[PDB]
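Residue numbers (PDB author numbering), protein chains in the order written: chain A, 1 to 207; chain B, 1 to 207; chain C, 414 to 551, 562 to 688; chain D, 414 to 482; chain E, 414 to 469; chain F, 621 to 688; chain G, 621 to 688.
Note that the Cβ used here is the ideal one computed from N, Cα and C, for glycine as well.
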Amino acid sequence: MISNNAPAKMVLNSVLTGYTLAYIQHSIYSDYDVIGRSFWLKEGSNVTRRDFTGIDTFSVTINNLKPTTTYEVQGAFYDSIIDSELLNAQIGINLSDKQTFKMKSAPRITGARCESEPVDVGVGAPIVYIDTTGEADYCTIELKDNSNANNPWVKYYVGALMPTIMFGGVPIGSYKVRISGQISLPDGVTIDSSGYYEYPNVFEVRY
Amino acid sequence: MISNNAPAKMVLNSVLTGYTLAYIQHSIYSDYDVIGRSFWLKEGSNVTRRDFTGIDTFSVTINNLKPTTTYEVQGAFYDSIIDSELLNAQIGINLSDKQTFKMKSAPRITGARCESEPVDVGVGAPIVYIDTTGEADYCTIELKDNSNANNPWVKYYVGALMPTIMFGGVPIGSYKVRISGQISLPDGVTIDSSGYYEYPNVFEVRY
Amino acid sequence: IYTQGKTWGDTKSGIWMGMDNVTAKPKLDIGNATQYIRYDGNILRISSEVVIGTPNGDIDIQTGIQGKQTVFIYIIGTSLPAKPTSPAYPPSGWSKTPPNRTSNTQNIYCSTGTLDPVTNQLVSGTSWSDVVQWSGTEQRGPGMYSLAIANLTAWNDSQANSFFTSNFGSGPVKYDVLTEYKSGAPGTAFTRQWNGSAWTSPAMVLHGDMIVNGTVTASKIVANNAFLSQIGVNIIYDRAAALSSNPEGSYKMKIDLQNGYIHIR
Amino acid sequence: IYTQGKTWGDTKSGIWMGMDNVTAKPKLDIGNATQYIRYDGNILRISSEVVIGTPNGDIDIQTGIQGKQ
Amino acid sequence: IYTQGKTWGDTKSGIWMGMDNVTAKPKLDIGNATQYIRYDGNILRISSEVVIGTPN
Amino acid sequence: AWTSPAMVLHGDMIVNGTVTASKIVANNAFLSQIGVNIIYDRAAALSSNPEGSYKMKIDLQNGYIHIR
Amino acid sequence: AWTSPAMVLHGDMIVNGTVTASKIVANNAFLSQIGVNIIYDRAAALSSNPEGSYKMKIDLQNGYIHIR
C-alpha cells in the first residue's frame with residue numbers, strides 16, 4: 001500500500017513578459033519529496049524543456065528567449081522517483097495547464113527635433129522633442145556629441161515611455177539620440193535591458 | 001482493488017488581510033474526483049462556511065467579512081463523492097488545520113481642523129490639518145461643500161495614512177469631509193477600499 | 414530671499430536664504446519646524462531622511478542582471494567523493510539529476526552556490542558546498568531587494584508583504600530591506616527595512632557604492648560579504664545563533680575574551 | 414522663484430523654489446531630468462553623485478603623513 | 414540670483430544660484446572659500462560636515 | 621573597469637543606528653560581537669572559487685574547521 | 621583629543637552596493653562570509669602591540685591557531 005504520490009499539478013499565475021526574459025509565479029508544492037521544477041517552452045513547432053532544480057524559491061525566470069514571439073509554458077514539480085529520462089518523457093508527473101503569452105517589443109524612435117519653449121518673454125530654452133514607439137517602462141534616453149567620434153554617451157531622460165518624449169538641458173549642437181528601454185519583473189533583482197537603437201539621422205539643436 | 005480517495009488535505013500557504021477582503025494562498029489539489037474547494041471561517045461566536053466554484057487558481061478572495069474581527073481559516077477540497085449534507089457534517093472531508101489571523105481596521109478621522117498664518121501683506125494661504133486613526137496602507141480623502149444642498153464629493157488628498165495630514169489649495173466654501181482607505185490586494189489590479197467615514201462636524205476652511 | 418514671515422530656523426513652515434552680515438557667512442533654511450535642511454556657515458543639518466542615488470542607476474543596459482540558486486544530486490557513488498572544482502553548472506563529468514544506483518552505491522548531493530543564468534555557471538566565488546550523502550530528501564539569509572510598482576505614491580506595507588509571501592512564501596526575515604519605486608519613474612522611490620514587526624524607513628539611503636577615506640562607526644553592521652585584513656573581536660557567535668536566538672543558547676562559537684576556547688555544538 | 418517655464422518634478426533644466434500651497438510644503442529642484450537635487454518636505458532625493466569634505470581635510474598642518482615597509 | 418560681487422568660483426563668501434547656457438545645467442554655490450556647498454550641474458560637493466536626522 | 625561610486629567621504633563616518641550593505645571592504649576592523657555563517661582567508665575570499673584554494677576555513681553552520 | 625567627523629547619521633543607513641572604509645568599528649556584526657588574514661582580541665587589536673593577544677587565527681601565511 002506504501003506509495004510515493006506525485007506532486008500536485010503546478011498552477012502558474014499571469015506570465016510577466018519582458019524581451020529576452022520571462023517571469024512565472026507558480027503555486028507552493030506539498031509533496032514531501034519534491035526536488036526540482038521544469039517548464040516546456042513551445043515556440044512554433046519547437047519545444048524546449050527548461051528545468052530548474054532549485055526548490056527554495058517559488059518564482060522562475062527564463063534567461064534566454066526569442067524576441068517578439070508567442071510561446072507556451074507548461075510546468076511541473078517532480079519527485080525523487082522521476083529520472084531525467086522519465087522527466088524528458090513526461091511520464092509520472094502532473095503537468096501544468098496551458099498558458100499563452102507574447103513577448104515585448106524594444107523601444108524605437110521615430111523623430112527628433114529642437115523646439116523653443118513657449119515663453120511670455122525672453123528667449124525660451126530649447127527642449128528636445130522625440131517620438132517613441134515600443135513597449136517598456138522608464139526607458140532611458142542618451143545623446144552623443146557629433147563633433148568627435150569619441151564623445152561620451154550622456155543620459156538625459158529615464159522617465160516613463162510616452163508617444164512623445166520631451167526634456168531639456170541639452171547644449172546647442174548636433175547629437176545622435178540613443179534609446180534602450182527597461183522593464184523589470186517582480187523578482188527581486190531581475191531587470192531587463194534591451195540593446196541600443198540609435199537614430200540614423202543626426203539632428204542639431206539651436207536657439 | 002477498486003477504491004475511492006478523499007481529496008488530500010491542503011495547506012494554507014499564507015493569508016493576506018484586508019479590512020473587508022481576505023486573500024489566501026493554498027496548495028493545489030491532487031485527486032481527480034475533486035470538484036470544488038470549501039472554507040470554514042470562525043467569527044469566534046458563529047461559524048460561517050464559504051466555498052468557491054472552480055479550482056483553477058491557487059488563491060481565493062473571501063468577501064463580506066466583519067471589519068476588526070479576527071477569524072480562523074480551515075478548509076479543503078471536496079470531491080464528487082462528498083455530498084452537501086456530508087460536507088455540512090464535515091465527516092470525510094479531511095479539512096486543513098485551522099489558522100488564526102487578525103482582520104485590519106478601517107480608517108477614521110479623529111479630528112478636523114484648519115489653520116493659517118497671519119500675513120502682513122497679501123493673504124494667508126488656507127491649509128487643512130486633519131488627524132486620522134486608521135491603518136490602511138494608503139488612503140484617499142474627499143471633500144464636499146456643504147453650504148449647497150447637494151454637491152459632488154471631490155478628492156483632494158491621495159497618499160499614505162498618517163497621524164496628521166496636511167493639504168491645501170481648496171476653495172473657501174464650508175465643506176464636509178469623508179475619508180476612505182484603499183489597500184492593494186496581492187494582485188495588482190484588485191484594490192480593497194473602505195466604507196467612507198465622515199466627520200460629523202462641518203467647518204469652514206480657515207481663510 | 415524668503416517666504417513672508419519665515420526667518421532662519423523659525424518654527425513656521427517656509428524658506429529662508431541670505432547673508433549673516435555679522436558672521437559674514439551665508440545661511441540657508443528650508444522646511445518645516447520638525448523637518449528642514451538648515452545650513453549655517455559651519456554645519457549642514459538635514460532633519461528629513463535623504464535618499465542619494467537612484468535604483469538601478471549603474472546597471473548595464475546592454476545586458477540585464479539576475480540571480481538564481483541550484484541544488485543538484487549527482488553521484489552513483491560507493492564512497493564519499495571530493496567536491497567539484499570546476500565552476501560549471503554541469504560539473505566535470507558530473508550529472509545534473511539524481512541517477513539510478515546499484516544496491517552497494519549511494520547518492521551524494523551538494524548545495525550548489527548561487528547560479529548565474531546568463532553565464533550558466535557559478536558566480537565568481539561561492540564554491541560548491543560540502544558534499545553530503547543524500548538521505549531521503551534535502562530561515563534564509565537576509566538580503567537586499569527591490570520591487571516595481573505600477574503607480575506608487577508612498578510606501579506600501581501590503582505590497583511588500585505580498586511580495587515576500589509570494590516569491591519566498593515565508594515572509595521577510597529580520598534586517599530585510601525592500602525598495603519600492605514607481606514604474607515609469609525610478610527617481611521616486613521608498614525604502615524600508617523590516618525589523619521585528621512592520622517596516623521602519625531608514626534615516627538615509629544610498630543606491631550606488633560608498634567610499635570613505637577615513638573610519639566608520641556604527642551600532643551594528645550587516646553585510647552579505649566582507650574582506651578585512653585585520654579584525655579584532657571579543658566574541659563571535661554563528662549568524663543563525665547570533666540573530667535568530669537572542670539568548671544564544673545554541674551556537675558554534677569562538678570566544679577571544681576571557682578564557683579562549685572552541686565550542687562545537 | 415524659478416527660471417522661466419520651469420516646474421517642480423519636471424524634465425526641464427531649471428531651478429524651482431517656493432511654497433506649494435496644494436500640499437502646503439516647501440519644494441525644491443535644481444538640475445535636469447536625470448541629474449537633480451529634488452527636495453519635498455517629506456523626503457529629499459539627490460540623483461547626482463555627492464562628495465562630502467575634501468581630501469586631507471583633517472591633516473596635521475605642522476607635520477605630514479607617510480608610509481613605509 | 415546672487416549676492417552682489419559673487420561668482421560660482423569666487424573666493425568671496427556668498428550665494429550664487431542660476432542657469433548656465435554654456436552647459437544648460439543649473440549651478441548652485443553657497444559658502445566661503447573653505448566651507449561651501451558647490452553643486453556642479455553633474456556632481457554635488459559639500460565641504461562643511463553634514464548632520465542627517467535628529468537623535469530620537 | 622573604473623567605477624564612480626555614489627558617495628565619497630574624506631573625514632569619518634558616524635551612525636547612531638545600523639548600516640547595512642551588500643558587501644564590505646576595510647583594512648581594519650574593531651568589533652565586539654560577530655555572527656557569521658562562514659569565515660575565510662582574505663586571499664581565498666578575494667580569489668574566485670575560495671574553497672578551491674583556502675589556507676584555513678571554518679563553517680560555523682556545519683561546525684567544521686579545516687587547516688591544510 | 622576630540623575631533624569632528626565628516627558627517628553623522630542619527631538613524632540607520634542602507635547601501636544597495638558595497639561600502640569601503642579604511643577601518644570599521646561596531647558592536648555587532650551579522651555577516652555571512654568574511655575573508656580575514658589575522659584576527660586578535662578586541663582589546664589586543666586596540667593595543668599597540670597585538671603580539672600579546674589571547675588568540676590568533678592567522679591565515680595569510682601561518683594558517684594556524686595559537687592560543688596564548
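Per DSSP, the bridge partner or partners of residue i
i: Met676 of chain C; result: Answer is none; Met676 of chain C lacks a bridge partner.
i: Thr640 of chain C; result: F:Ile634, G:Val645
i: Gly159 of chain B; result: B:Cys139
i: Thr53 of chain B; result: B:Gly36
i: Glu43 of chain A; result: A:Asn46
i: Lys144 of chain A; result: A:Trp153
i: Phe650 of chain C; result: F:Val645, G:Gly655
i: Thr623 of chain C; result: C:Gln616
Whether residue i touches residue j by CB criterion (8 Å)
i: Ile659 of chain F; j: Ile644 of chain F; result: no
i: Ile428 of chain C; j: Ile443 of chain C; result: yes
i: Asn648 of chain C; j: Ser652 of chain G; result: yes
i: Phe613 of chain C; j: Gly655 of chain G; result: no
i: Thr623 of chain G; j: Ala641 of chain F; result: no
i: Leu441 of chain C; j: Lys481 of chain C; result: no
i: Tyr415 of chain D; j: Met430 of chain D; result: yes
i: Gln417 of chain C; j: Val123 of chain B; result: no
i: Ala626 of chain C; j: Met633 of chain G; result: yes
i: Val11 of chain B; j: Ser96 of chain B; result: yes
i: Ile478 of chain D; j: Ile459 of chain E; result: no
i: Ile109 of chain B; j: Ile191 of chain B; result: no
i: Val536 of chain C; j: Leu493 of chain C; result: no
Cα-Cα separation, residue i to residue j
i: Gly54 of chain B; j: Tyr78 of chain B; result: 12 Å
i: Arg50 of chain A; j: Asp661 of chain C; result: 37 Å
i: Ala621 of chain C; j: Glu85 of chain B; result: 43 Å
i: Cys139 of chain A; j: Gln99 of chain B; result: 44 Å
i: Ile81 of chain A; j: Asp31 of chain B; result: 19 Å
i: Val73 of chain A; j: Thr61 of chain A; result: 12 Å
i: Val47 of chain B; j: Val635 of chain F; result: 52 Å
i: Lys144 of chain B; j: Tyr199 of chain B; result: 12 Å
i: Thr133 of chain A; j: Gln562 of chain C; result: 45 Å
i: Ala125 of chain A; j: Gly159 of chain A; result: 20 Å
i: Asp453 of chain E; j: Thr447 of chain E; result: 16 Å
i: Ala89 of chain B; j: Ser147 of chain B; result: 58 Å
i: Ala437 of chain C; j: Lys425 of chain E; result: 10 Å
i: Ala112 of chain A; j: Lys66 of chain B; result: 57 Å
i: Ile35 of chain A; j: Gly75 of chain A; result: 14 Å
i: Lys42 of chain A; j: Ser27 of chain A; result: 21 Å
i: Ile687 of chain F; j: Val177 of chain A; result: 58 Å
Residue interval of the beta strand (DSSP E) (run including residue i)
i: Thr588 of chain C; result: Unbroken run through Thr588 of chain C is the alpha helix (DSSP H), 580-590; no beta strand (DSSP E).
i: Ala571 of chain C; result: 567-572
i: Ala22 of chain A; result: 21-25
i: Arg206 of chain A; result: Run containing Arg206 of chain A: none; DSSP gives neither H nor E here.
i: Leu666 of chain G; result: It is not in any beta strand (DSSP E) - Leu666 of chain G instead sits in the alpha helix (DSSP H) that spans 662-666.
i: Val177 of chain B; result: 175-184
i: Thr527 of chain C; result: 527-529
i: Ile130 of chain B; result: 127-132
i: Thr17 of chain B; result: 12-17
i: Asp192 of chain A; result: 191-193
i: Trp541 of chain C; result: Neither: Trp541 of chain C is in no beta strand (DSSP E) and is coded neither H nor E.
i: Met166 of chain B; result: 164-168
i: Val628 of chain C; result: 627-629
Residue i CB to nearest heavy atom of the ligand NAP below 7 Å
i: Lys597 of chain C; result: In terms of ligand content, the structure shown is empty, and the ligand NAP therefore cannot be addressed.
Completely contained beta strand (DSSP E) runs for the segment 593-620 of chain C, where each covers 3 or more residues
You should have 599-605, 608-617.
With a floor of 4 residues, list each alpha helix (DSSP H) that falls wholly inside the segment 60-121 of chain A, ordered by position along the chain.
Listed in chain order, they are 84-89.
Any chance you could list the beta strand (DSSP E) runs of at least 3 consecutive residues sitting entirely within the segment 433-521 of chain C, in chain order?
Whole beta strand (DSSP E) segments, 3+ residues: 438-444, 449-452, 457-459, 463-465.
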